[PDB]
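S.K.: This structure is in structure tokens; I'll ask about it shortly.
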Amino acid sequence: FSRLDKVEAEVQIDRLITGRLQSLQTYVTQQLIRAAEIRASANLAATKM
Amino acid sequence: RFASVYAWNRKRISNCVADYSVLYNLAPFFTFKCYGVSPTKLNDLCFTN
């Protein structure tokens, strides 16, 4: 923001925002998968107990 | 005077006050264009070479 004229830097910042956004969604999806598998294990443990 | 195309003159500028205001406004300056930074906000970044 301190080097590029703001009428043009929006392209770069939008690319960077989209990349980080995709990374964050990937993290969330992996968390969902792992949480599902842990819930399955927890149900198994509850049955054991 | 100016030298030849293959004999392009080169100089190094150091230890001064980067005041591009005095130059940019003066003279018609038919062609003038920057590459990696906006040609409008030179006056808020510090250089080393």
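Residue numbers start at 1 in each chain; chains themselves are named A, B, ... in the order of the structure tokens; ligands are numbered from 1 in the order shown.
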Taking only C-alpha atoms into account, what are the residues of chain A at most 6 Å from chain B, put as number ranges by chain?

M.R.: A: 3-5

S.K.: Write down as number ranges by chain the residues belonging to chain B that are assigned helix (DSSP H, G or I) by DSSP computed on the backbone.

M.R.: B: 21-25, 42-44

S.K.: List as a ChimeraX atom specification the protein and nucleic acid residues near range 6-23 of chain B, meaning an atom at most 8 Å away when only C-alpha atoms are counted, but skip any in the same chain fewer than 6 places from it.

M.R.: /B:42-43,48-49
